[PDB]
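Be aware that the sequence shown starts at 20, since it is given in my numbering, and climbs by one per residue. One structure below.
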Amino acid sequence: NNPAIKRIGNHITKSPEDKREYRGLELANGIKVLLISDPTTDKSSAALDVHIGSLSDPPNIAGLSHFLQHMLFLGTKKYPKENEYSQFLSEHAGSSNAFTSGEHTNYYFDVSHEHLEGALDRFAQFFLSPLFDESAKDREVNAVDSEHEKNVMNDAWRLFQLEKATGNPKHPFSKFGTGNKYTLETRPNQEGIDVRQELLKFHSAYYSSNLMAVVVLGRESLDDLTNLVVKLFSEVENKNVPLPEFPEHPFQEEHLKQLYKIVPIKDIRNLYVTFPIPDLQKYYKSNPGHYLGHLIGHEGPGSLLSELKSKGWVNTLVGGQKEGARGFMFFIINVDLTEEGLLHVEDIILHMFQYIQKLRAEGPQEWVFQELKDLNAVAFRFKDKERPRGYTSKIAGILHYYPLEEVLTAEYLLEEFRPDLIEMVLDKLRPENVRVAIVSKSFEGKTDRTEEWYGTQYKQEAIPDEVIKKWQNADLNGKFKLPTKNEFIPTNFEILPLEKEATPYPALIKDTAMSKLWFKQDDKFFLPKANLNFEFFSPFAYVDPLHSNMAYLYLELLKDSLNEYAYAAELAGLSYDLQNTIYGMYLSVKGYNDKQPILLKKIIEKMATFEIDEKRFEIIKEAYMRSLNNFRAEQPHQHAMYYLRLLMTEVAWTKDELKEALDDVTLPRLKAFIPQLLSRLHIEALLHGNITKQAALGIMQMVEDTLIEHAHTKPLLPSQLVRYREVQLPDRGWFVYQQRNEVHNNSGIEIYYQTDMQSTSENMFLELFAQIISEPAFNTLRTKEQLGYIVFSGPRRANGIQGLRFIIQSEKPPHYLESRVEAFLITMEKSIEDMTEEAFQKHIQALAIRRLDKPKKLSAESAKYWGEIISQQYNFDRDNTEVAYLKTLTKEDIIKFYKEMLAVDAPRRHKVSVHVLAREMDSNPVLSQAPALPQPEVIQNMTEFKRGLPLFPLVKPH
Ligand SMILES: O=C(C[C@@H](Cc1ccc2ccccc2c1)n1cc(CNC(=O)c2ccc(F)cc2)nn1)NO
Ligand SMILES: [Zn+2]
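Shown next as structure tokens:
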């Protein structure tokens, strides 16, 4: 009945468990829309996906569509204030982000449910009347450059662009998508191009209503949501832009049967096998790509990976279809290489073609397709409820590909087995259509080519016909069998009825010396799933570097063993996580409760009776060595956070102390360690979900019983159960720790102002203050000053202590960033005194909403509880108490907090700074005016540093 609405979609198919309400519709201008009504959501959300990406970039301005995406946040004609959008969301419990792919640019936000319209209106202007301020463009060009700079020494990006560079140079697929200062500023200036106009023009030419999809989620009715969205988005202009397509494959025969030898930054060994294939998106209802990927990428018994692992050539394998763009795709088989595998690359690839041959001989298996269909059906029915911001964004993306009534189910539900399509794709998987890339340090100095954008050192060879012919003649290897029927597929979806004595929070229902068991029956979600969380305490886990290493190798060897067995369970919605910690071991099993007890016993039982294979020990141990070394190639700001963690923690083995001790880890020594580790334990657990109290106690009983039976485990004392402390900085102190990043040519810095031990008061001062300066900090340090792409502020919580932290990755020297952060703090001081009481109450409200936002899924709630448990604070009612206190804070309260704890001349300022110098930088100790800074005490040695200071107390439990 509305002229602006071309059609209103029918019943939108959803899971019976989904209580959200849906109406799909298509606007007169062509915008596809999905309206989502959820009366309980504390945060509303919307997203818009344009069906243009960097593949549509002008060939002379690489990264333009990406740059466009940055600029839309920087002002519209209706809301011309540069950070009006960001500031609004921040003051209303909201957030926003975006991304640019080959074919899509995706924008999304969430906000307090009370302010959907205000946010939605400002959001809409991106597509109505963007400003593209000349000043803003010249600044933000730097943020894009920074973002690229961060990727240059990253192995994943280097390889990503290299494949693009080794195909047809005239194909859009070869374009550089990110852009940098050269492509965006330097070269355009040479050519005389007005980049601001090219931005305006690109938005004008491609950001058309016929290529847009919109999703909006709020508390409002589907009716009110309809009027709101139509009111705002029917005014979007339709230029009837043809949807871009790329029918010709980027890989022609000149690019097939080619071998590439590549040199990585990190010490890694990879083999990448690629086949060009047709666009399989139209066959989505049968999805031939996923069927083949599922088998080739199978990790269970009989699989290709199983064989390659037995010969000790590979450890992990990825197989399946890989996105390209409209018109083309790829099929890939990727493995990591052992030192041995690197020598048998030709043989590995033969094995791949033998398995593929095994599939041709067997023919398509309908029961396999039928199994994938069945698993996905269950997956969609009992799908966890998504957080709004990610939901609207994801759906906005696939609205382009599917009918309105089917968007929710399209990517889950399979219709009909099409063996013809399977044979079609399988026919492309031949030696004559293969591309091979080997990534190894062993090719260093032996390369002759250099990729233009990342500087990747590589070498190109043609695969000799002698080798190609060998691969085409692939005899059936007897080691290869099709996967067996997945026996972990859940059958019992019964939701057990809430017990009479069921608690709203976890209740302590068992307290022996052996174990402490926390339990809660789910009363919010009612899906047939449960989370089993176990912390195993033992002093021998982190007593020294040698033992810390062995704790790690033990679990890694344990998982390496269970993989083939647990893989089926993972496919069937039943996963486990097993990590070594500073307190001992951490075990988490999550998923459908049905066959969950089966898996859990297998782990605990495997744990306590583990027999170590020597070959796996050698391989896994060597990988760990490279793993520790590879930390040198991490980002400067990641180093910054790592170094600070070491400085401020009572005990912390550095990655150097670890890799040194590793040389002393032997098989005999490790075999001895495991039993010693399991001989003494204390188990603390949280069982949460679709389980009864007796089933919970039964579960706990089985873990203890299995340990005692196989490992002869015994309890640990209460006094032995004290956690580590945080170093306590002196009043008016300032320490600086300086290191260099050998790989990246950006500097990193973390600045930590340590306030005080955690408590309701200190928590809310810090959080309310962080809330107030969150947006302004991003706007000043990045948007205005453009110090870096990565600019972060917020609370730091470790060992029961807390403080305010700033993190920045930049091309400027760390000492420069210091004055700028300090300059900002003085700036913020004035802004808060000038702040109106109403603006202040907005921040109190924004923080309050964020804290009280309820978990949409079980594991989110489980995390909340488990956080209170491992922190041994046990404050399960924390949010209500702290939000209550928050609302009683004064603007004067925050000013005093700042002046006492954080201000430059503050009495109780405890400041430590970590400086990470860029690769080619050098040493130096020490716009809005930056204050004078005292001379810092330069930390020369972490041990001396810790020993010379007090340690905080630990927070007492509830
Ligand atoms: O790079 C991108 C995505 C990103 C880059 C980014 C975004 C946030 C980051 C946060 C911490 C460290 C690093 C970050 C890098 N992007 C965001 C925007 C708009 N900014 C906000 O909405 C915004 C965020 C936070 C605030 F407090 C206030 C406002 N434009 N591009 N697209 O190409
Ligand atoms: Zn970006």
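Ideal Cβ placement from N, Cα and C applies to all residues, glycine included.
Quick check: is any heavy atom of ligand 2 less than 7 Å from the C-beta of residue i?
i: residue 852; result: no
i: residue 166; result: yes
i: residue 85; result: yes
i: residue 160; result: no
i: residue 89; result: yes
i: residue 69; result: no
i: residue 233; result: no
i: residue 163; result: yes
Considering only their Cβ atoms, is the gap separating residue j from residue i smaller than 8 Å?
i: residue 945; j: residue 834; result: yes
i: residue 270; j: residue 346; result: no
i: residue 28; j: residue 39; result: no
i: residue 980; j: residue 798; result: Missing from the structure shown is residue 980; the chain here goes from 20 to 977 and no further.
i: residue 455; j: residue 375; result: no
i: residue 884; j: residue 976; result: no
i: residue 70; j: residue 324; result: no
i: residue 81; j: residue 198; result: yes
i: residue 210; j: residue 155; result: no
i: residue 74; j: residue 194; result: yes
i: residue 599; j: residue 549; result: no
i: residue 65; j: residue 108; result: no
i: residue 427; j: residue 673; result: no
Answer with buried or exposed for residue i, where buried requires no fewer than 16 other C-beta atoms within 10 angstroms of its C-beta.
i: residue 930; result: buried
i: residue 161; result: buried
i: residue 167; result: buried
i: residue 954; result: exposed
i: residue 575; result: buried
i: residue 509; result: buried
i: residue 524; result: exposed
i: residue 691; result: exposed
i: residue 365; result: exposed
i: residue 972; result: exposed
i: residue 111; result: buried
i: residue 460; result: exposed
Give me the Cβ distance between residue i and residue j, rounded to the nearest whole Å; I'm assuming they're in contact under 8 Å.
i: residue 190; j: residue 273; result: In fact, because the Cβ distance is near 12 Å, the residues do not count as touching under 8 Å.
i: residue 143; j: residue 127; result: Between residue 127 and residue 143 the Cβ distance is about 13 Å, and since that is not below 8 Å, they are no contact.
i: residue 352; j: residue 315; result: 6 Å
i: residue 652; j: residue 172; result: 7 Å
i: residue 787; j: residue 866; result: 6 Å
i: residue 938; j: residue 763; result: 6 Å
i: residue 462; j: residue 431; result: Not a contact, Cβ separation roughly 42 Å.
i: residue 132; j: residue 63; result: 5 Å
i: residue 50; j: residue 252; result: 6 Å
Taking 7 Å as the line, does the beta carbon of residue i fall inside it for any heavy atom of ligand 1?
i: residue 130; result: no
i: residue 109; result: yes
i: residue 116; result: yes
i: residue 528; result: no
i: residue 808; result: yes
i: residue 124; result: no
i: residue 92; result: yes
i: residue 221; result: no
i: residue 811; result: yes
i: residue 64; result: no
i: residue 794; result: yes
i: residue 119; result: yes
Name the DSSP beta bridge partners of residue i, please?
i: residue 820; result: 776, 817
i: residue 490; result: Answer by DSSP bridge pairing: none, since residue 490 is not bridged.
i: residue 604; result: 555, 599
i: residue 485; result: DSSP, once it has assigned bridges, lists no residue as partnering residue 485.
i: residue 523; result: Its beta-bridge partners do not exist; DSSP assigns none.
i: residue 292; result: 352, 455
i: residue 810; result: 827
Between residue i and ligand 4, is there a pair consisting of the residue's CB and a ligand heavy atom that are separated by less than 7 Å?
i: residue 127; result: Of the ligands one can find in the structure shown, namely ligand 1 and ligand 2, none is ligand 4.
Flag residue i as yes if its beta-carbon sits less than 8 Å from any beta-carbon of chain B, otherwise no.
i: residue 117; result: As a matter of chain content, chain B is missing from the structure shown, which is built from one protein chain.
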